[PDB]
Participant: 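This structure is in C-alpha cells; I'll ask about it shortly.
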There are 2 protein chains.
Amino acid sequence: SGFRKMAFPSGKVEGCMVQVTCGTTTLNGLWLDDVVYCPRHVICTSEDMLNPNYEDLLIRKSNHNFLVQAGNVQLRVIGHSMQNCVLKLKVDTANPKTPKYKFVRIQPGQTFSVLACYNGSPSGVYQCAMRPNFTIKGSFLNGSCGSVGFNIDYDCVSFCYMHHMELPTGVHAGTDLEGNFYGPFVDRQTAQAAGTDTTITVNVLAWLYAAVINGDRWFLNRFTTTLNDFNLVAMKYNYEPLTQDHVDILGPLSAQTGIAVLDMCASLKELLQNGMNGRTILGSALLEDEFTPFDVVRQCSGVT
Amino acid sequence: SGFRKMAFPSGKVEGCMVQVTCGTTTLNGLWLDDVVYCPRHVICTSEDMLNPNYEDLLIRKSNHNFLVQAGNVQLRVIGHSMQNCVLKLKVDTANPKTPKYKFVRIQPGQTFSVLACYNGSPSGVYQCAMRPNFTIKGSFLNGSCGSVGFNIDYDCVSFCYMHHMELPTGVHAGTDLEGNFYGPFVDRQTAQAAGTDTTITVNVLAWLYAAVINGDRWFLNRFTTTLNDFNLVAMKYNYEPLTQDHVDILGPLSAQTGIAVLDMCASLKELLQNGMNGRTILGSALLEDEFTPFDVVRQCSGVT
Ligand SMILES: CN1CCCc2ccc(S(N)(=O)=O)cc21
Ligand SMILES: CN1CCCc2ccc(S(N)(=O)=O)cc21
C-alpha cells in the first residue's frame with residue numbers, strides 16, 4: 001500500500017548520457033548506437049540565441065568542433081546533421097550500454113520520467129506530465145539542456161522528450177527525439193507564452209481510483225452524473241473534457257474498485273465545486289493529475 | 001528553475017538487486033561484493049510470521065535452501081548468517097556491478113531514494129523521508145521486501161534502508177543494512193503502532209527557501225520571531241522543535257536568499273496559524289517536509 005509519484009529506474013538512460021561541447025557551450029547528449037543526439041542550440045553563442053540562423057551557424061562547424069565526452073573517454077565524430085531542432089552526431093563507436101529503445105512522440109496528459117543531467121552526468125530523476133499546453137513543470141538549471149524524458153516497457157526505453165529551454169514563466173519546453181517541439185515553441189531566446197494549462201481530468205480520476213484502492217475514500221459521495229453534466233463542470237474549472245475514450249481507459253480501475261466512472265466523476269464534481277475542506281487525499285491538499293490510468297494500474301499491481 | 005521531489009539516479013542500485021527465495025517465499029536482496037543481504041523473514045512461512053523464533057527457523061536451513069538469482073543467472077551460496085533482522089548470504093561470486101558503497105544509519109528527518117523492486121527486478125524510484133517516528137510513507141506491495149533506500153555522494157552509494165513490512169496503518173517499517181530496525185518495530189506479524197508523526201520543521205523551512213529562490217514569495221511577511229516563540233507554535237502544530245543546529249544548517253539558504261532564518265520562521269508561524277488560504281507554494285497546498293536543507297542546495301545549485 002501507499003502511493004508515490006514514482007519514476008522509472010534510470011539506469012538504462014544513465015548509460016546513454018554524454019557531455020557535448022561546441023565552442024564555449026556544454027550540454028547533455030543521448031548516445032544510442034553510433035549517434036549522439038543533443039539540442040541544436042549547442043552551436044549558438046549567447047548573441048546568436050536572440051535570432052539564430054541554425055543552417056548558417058551549423059555551416060561554420062566541422063565534425064571536430066563537436067567535442068563528445070562519455071564519462072572521461074572522448075568520442076570521435078565522423079558525421080553531423082540537423083534534424084528539426086536536434087543535432088545528430090555520428091560517432092565511430094556504438095554505445096555498448098545502448099538499451100533496446102524507441103523514439104515516441106507522447107500525447108499531452110501522458111507521463112514520463114526525466115533524468116536531469118549536468119555535463120553529461122545524471123543528478124536526479126522525477127516523474128512528469130506533458131501539460132495539455134505542451135509544457136512540463138520540471139527542475140532544470142543551466143547545462144540541463146539535452147536531459148531526456150522516457151518510459152520503460154520491460155527492457156525497452158521509449159525516449160519521448162529532450163529538454164531545450166525554460167520559458168520566462170519558469171515552465172519547460174522541449175522536443176521529441178526527432179527534434180520536433182512539443183507545442184508552438186521555437187529554439188530562440190524570445191518571449192513565448194504557453195496556452196491556458198488545463199487539468200488532465202482522466203489522470204485526476206485515475207488518482208481518485210488509486211486513493212480508494214489505498215483506503216482514502218472520504219470524498220466518495222451518494223451522487224452520480226452524466227458525461228455532459230460532468231463536462232459542464234470540467235469547462236468551468238479548466239479541466240480537459242472527459243470523452244468515452246477516457247472512460248474506457250478507466251475501466252480496469254472501475255472494475256477493480258467496483259465504482260462506476262460516472263459516480264467517480266460525481267465525486268470529482270463535488271470536490272471541484274466544494275474544494276477539499278482542509279482534508280487531504282493520498283497526502284495531497286489538491287487534485288493530482290500527473291498519474292495516468294496506466295500509472296495507477298502499474299503502481300497498484302506491481303509491474304517491473 | 002522549478003522544484004521537484006527528485007530521486008537519485010538508481011542505476012548503481014539496479015545493478016545490485018537480486019531475487020532471494022527460501023521455501024515458497026521470494027523477496028529482494030542486495031548483492032554487494034560476495035554477500036547478498038535480505039530480510040530474515042524470507043525463512044518464515046505465513047504461520048511462522050505470527051511469533052517466529054528466527055534462530056530455531058534458520059537452524060532448519062542450509063546454504064542450498066537459499067536460491068539467489070541475479071537477473072536470470074543463479075548464485076552459489078557458500079555461507080549464511082543472521083545479523084539482527086537481515087540474512088547475509090555469502091555467494092562465491094563478487095557482484096561485478098558493486099558500486100563504491102557504505103552502510104549508514106540515517107537520522108529521522110533525513111531523506112533518501114527508494115528503488116521499489118519485485119522478484120529482484122526494479123519497478124520504480126521515489127524520494128522519501130525517515131519520519132520522526134521512524135516510519136516511511138512508501139509505495140510497497142507483496143514481494144517489495146528487501147527493496148533498499150540510499151543516497152549517492154558522487155560515485156559512492158550510502159545504503160540506509162531495507163524494506164521489511166507495512167504496519168496495519170499502511171506506513172512502512174524497515175532496517176539499516178546491519179538489520180537494526182528504525183524505530184521500535186519487530187519483524188513479527190503483530191499490531192505495532194508508530195508514535196505521533198511530527199513535521200520536520202527544518203525541512204519545511206528549507207522548502208520555503210526553495211520556494212523564494214524559485215519566485216514563490218507570497219508567504220513572506222513583515223514579521224520576525226524568536227526560537228522560543230517559534231517553538232511555542234511548533235509545539236501546538238506537532239512540528240519538531242527548531243534548535244540552533246537546524247538554524248546553522250539553514251545558513252547557506254539564509255545567505256543566498258538574504259532572508260534571516262528567524263524571519264522565515266515568522267513566515268512559517270503565520271502559515272501554521274492562518275493556513276494557505278487556498279494558495280499554493282511550489283504547486284503544493286500544504287507545507288512539504290521531505291526536502292532537507294542539503295536537498296534544496298543540491299537541487300537549486302545542480303550537484304551531479
Ligand atoms: C538561451 N536560449 C537557448 C534556447 C532557446 C531559448 C528560448 C527561450 C529563452 S528565455 N525566454 O529563457 O530567455 C532562452 C533560450
Ligand atoms: C507478514 N509479515 C512479515 C514481516 C513481519 C510483519 C510485521 C507486520 C505485519 S502486518 N501488521 O501487516 O500484518 C506483517 C508481517
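Below, all heavy atoms of this structure are taken into account, side chains as well, without hydrogens, waters or symmetry copies. Chain letters run A, B, ... following the sequence lines, proteins first and then strands; every chain starts at 1. First listed ligand is number 1; within each ligand, the first listed atom is number 1.
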Participant: I need the atoms of ligand 1 closer than 4.0 Å to a non-hydrogen atom of A/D187, numbered in the order shown.
Facilitator: 5 (C)
Participant: Return the closest protein heavy atom for atom 4 (C) of ligand 2 as residue, atom name and distance.
Facilitator: B/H41 ND1, 3.4 Å
Participant: Check each of A/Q192, A/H164, A/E166, A/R188 against atom 5 (C) of ligand 1 and report the one with the nearest heavy atom.
Facilitator: A/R188
Participant: Could B/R131 and B/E290 be called an ion pair, given the rule that one side-chain N must be under 4.0 Å from one carboxylate O?
Facilitator: yes
Participant: In terms of relative ring orientation, are B/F159 and B/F103 parallel, tilted or perpendicular, with 30° and 60° separating the classes?
Facilitator: perpendicular
Participant: Report, in ascending order of atom number, the atoms of ligand 1 lying under 4.0 Å from any heavy atom of A/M49.
Facilitator: 1 (C), 2 (N), 3 (C), 4 (C), 5 (C)
Participant: Got the closest protein heavy atom to atom 9 (C) of ligand 2, with its distance?
Facilitator: B/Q189 CA, 3.8 Å
Participant: For ligand 1, which atoms sit closer than 4.0 Å to a heavy atom of A/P168?
Facilitator: 11 (N)
Participant: Classify the side-chain pair B/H172/B/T135 by whether it contains a donor and acceptor separated by less than 3.5 Å.
Facilitator: no
Participant: Taking the ring of A/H164 and the ring of A/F181, is the distance between their centroids below 6.0 Å?
Facilitator: yes
Participant: Is it the case that B/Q83 and B/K88 place a side-chain donor and acceptor less than 3.5 Å from each other?
Facilitator: yes
